[PDB]
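Quick note: the sequence shown uses the working numbering, first residue 4, plus one each step. One structure below.
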Amino acid sequence: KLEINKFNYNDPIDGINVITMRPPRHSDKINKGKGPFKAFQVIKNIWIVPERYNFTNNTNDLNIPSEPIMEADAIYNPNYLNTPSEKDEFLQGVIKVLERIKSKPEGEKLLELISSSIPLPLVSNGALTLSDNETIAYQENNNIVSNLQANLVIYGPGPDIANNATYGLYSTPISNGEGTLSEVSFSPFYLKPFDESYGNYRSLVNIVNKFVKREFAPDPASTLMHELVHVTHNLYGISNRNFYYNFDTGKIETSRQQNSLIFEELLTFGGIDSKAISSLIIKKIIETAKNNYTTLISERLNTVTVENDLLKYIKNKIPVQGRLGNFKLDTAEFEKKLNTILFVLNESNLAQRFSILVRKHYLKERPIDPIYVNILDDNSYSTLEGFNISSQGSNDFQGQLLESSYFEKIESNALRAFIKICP
Ligand SMILES: [Zn+2]
């Protein structure tokens with residue numbers, strides 16, 4: 004079955020699963036001189052890099068901002084993740100979260116999909132051939148030793164140490180059916196709480212109706228799975244973050260409006276807000292993806308004259324019929340796979356399978372200060388049950404209640420600078 008590789012941060016370089024990686028974004032001016040960074044292959048084609056994400060315009064400065072703060076629940080600390088002990092803690096936390104995801108069939112299948120679903124390569128001399136859209140470089144002493152396959156690289160957080168995000172490497176392949184390598188910025192220890200109505204908590208006797216909005220922490224496996232759903236969209240080349248869904252009209256628009264949400268986030272979160280999408284929208288999204296794939300099969304796949312392992316990978320990713328030089332899209336099987344990746348795979352549906360509580364709506368009504376939690380302590384967080392550990396009376400979402408003892412308060416200043424954890 005799918006295997007998760009364990010590592011300690013001080014494990015030696017071997018060129019197989021432990022490398023020093025040149026940043027995928029090394030050619031951008033903002034990234035001159037950065038790296039290489041120690042990287043660990045946790046699952047085939049999935050790499051963990053215990054470093055702050057610092058490689059795009061909006062993540063390049065990790066310092067406390069010098070401009071109006073427009074995320075009132077952010078926490079800044081440019082020194083987080085700069086010691087070997089914090090890097091090993093991060094590595095262990097990501098490994099443990101992935102082990103949790105693998106512990107249910109739906110999560111195992113998601114990880115298998117990301118591992119196997121390589122971007123569609125370019126063709127050279129009749130053969131599918133690898134590019135930097137499908138690989139990372141092992142750099143040693145300013146030489147490239149090898150190029151290793153990669154669909155996903157997971158880093159630590161950007162400037163806001165409690166934020167999470169996904170970035171596709173190349174912007175044309177992210178939305179034209181080819182797909183692109185993805186980077187994820189993830190924080191397993193610094194979490195942003197949310198509100199949900201609940202009635203099983205200590206309450207004053209003079210309160211008649213106890214069922215009210217209470218504060219909860221997310222399970223960081225749900226946080227990561229949300230980003231992994233974005234990754235799947237990026238690997239199949241079916242992202243488009245230029246569309247907004249307007250809740251007032253039920254229509255897709257190409258600019259943000261009063262009461263709207265980026266459509267990629269509406270789908271990736273799922274839940275109640277995706278249950279009333281019109282048939283017009285669904286048909287247009289499916290038809291766009293089908294047309295993009297039909298074009299790639301005729302213009303690129305049918306120029307392949309060399310059968311190699313990359314072609315094997317691609318036929319497992321893309322449902323096709325026919326023979327070399329004359330493939331056609333398998334419409335029924337492509338439709339089934341596409342509707343799974345767009346409408347079945349989402350944070351809300353996955354959380355239900357894991358007995359994890361998530362909020363009702365992607366957009367939160369108010370900011371709540373982040374907390375710190377040591378998820379490596381099995382008494383607080385287990386791979387099989389997360390925070391909601393039955394033997395400790397914390398089933399049925401109760402272990403996610405924010406007043407649980409393992410959720411530690413963080414003090415910050417008015418500029419949102421980290422001061423300390425209150426243990
Ligand atoms: Zn998202």
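Every residue gets a Cβ at the ideal spot worked out from N, C-alpha and C, and that includes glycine.
Spanning the alpha carbons of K363 and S263 requires a straight line of approximately 16 angstroms. If you ignore the 5 residues before and after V307, its C-beta comes within less than 8 angstroms of the C-beta of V126, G129, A130, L131, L314, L327, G328, all in its own chain and listed in chain order. When distances are taken from the beta-carbon of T291 to the heavy atoms of ligand 1, even the shortest one reaches 7 angstroms or more. For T169, there is no enclosing alpha helix (DSSP H); the enclosing beta strand (DSSP E) has its first and last residue at 168 to 171.
Two segments are said to touch when three or more pairs of C-beta atoms, one from each, lie closer than 8 angstroms; by this definition the stretch 9 to 21 touches the stretch 79 to 99. By the CB criterion at 8 angstroms, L5 and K105 fall inside the cutoff. A direct Cα-to-Cα measurement between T235 and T257 gives close to 23 angstroms. In this structure, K331 sits near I300, with a CB-CB distance shorter than 8 angstroms. If the five residues before and after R25 are omitted, its C-beta is found closer than 6 angstroms to the C-beta atoms of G38, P39, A140, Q142, all from its own chain and listed in chain order. Distance from the CA of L283 to the CA of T252, rounded to the nearest whole angstrom, comes to 13 angstroms.
For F219, the closest alpha carbon among the candidates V187, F400, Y239 is that of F400. Burial is judged here by how many other beta carbons sit within 10 angstroms of a residue's own beta carbon; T86 has fewer than 16 and is exposed. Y12 carries a coil assignment under DSSP once its states are collapsed to helix, strand and coil.
For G161, the CB contacts under 6 angstroms within the same chain, skipping 5 residues up- and downstream, are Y56, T62, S188 in chain order. When DSSP states are grouped into helix, strand and coil, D333 belongs to the coil group. Counted as a single uninterrupted DSSP element, the alpha helix (DSSP H) harbouring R103 occupies residues 87 to 105. Under a 10 Å Cβ-count criterion, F214 is classified as exposed, with fewer than 16 other Cβ atoms of the shown protein chains found around its own Cβ.
The nearest non-hydrogen atom of ligand 1 is 7 angstroms or more from the C-beta of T252.
Boundaries of the alpha helix (DSSP H) around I289: 282 to 302. At a threshold of 7 angstroms, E336 does not count as near ligand 1, since its beta carbon sits no closer than that to any of the ligand's heavy atoms. At least one heavy atom of ligand 1 lies closer than 7 angstroms to the C-beta of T271.
Distances from the CB of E74 to the heavy atoms of ligand 1 are all 7 angstroms or more.
Linking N146 to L238 through their CA atoms gives a straight-line distance of about 29 angstroms. For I392, the three-state secondary structure derived from DSSP is coil. Relative to ligand 1, the beta carbon of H233 is positioned inside 7 angstroms of a heavy atom. Of the residues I7, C425, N416, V361, the one whose Cα lies closest to the Cα of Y201 is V361.
Beta-bridge partners of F40 (DSSP): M24. DSSP, read as helix, strand or coil, puts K363 in coil. Distance from the Cα of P196 is smallest, within the candidate group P15, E89, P370, for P370. The alpha-carbon of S134 is positioned some 24 angstroms away from that of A168.
If you check the CB distance, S185 and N166 do not come in under 8 angstroms.
Excluding residues up to 5 positions away in sequence, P27, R28, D135, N136, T183, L184, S185, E186 lie with their Cβ nearer than 8 angstroms to the Cβ of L172 in the same chain. From the listed residues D198, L366, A292, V309, the smallest Cα separation to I265 is found for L366. Fully contained in the stretch 222 to 257 are the following beta strand (DSSP E) runs of length 3 or more, in chain order: 247 to 249, 254 to 256.
Rounded to the nearest angstrom, the gap between the Cα atoms of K278 and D312 is 40 angstroms.
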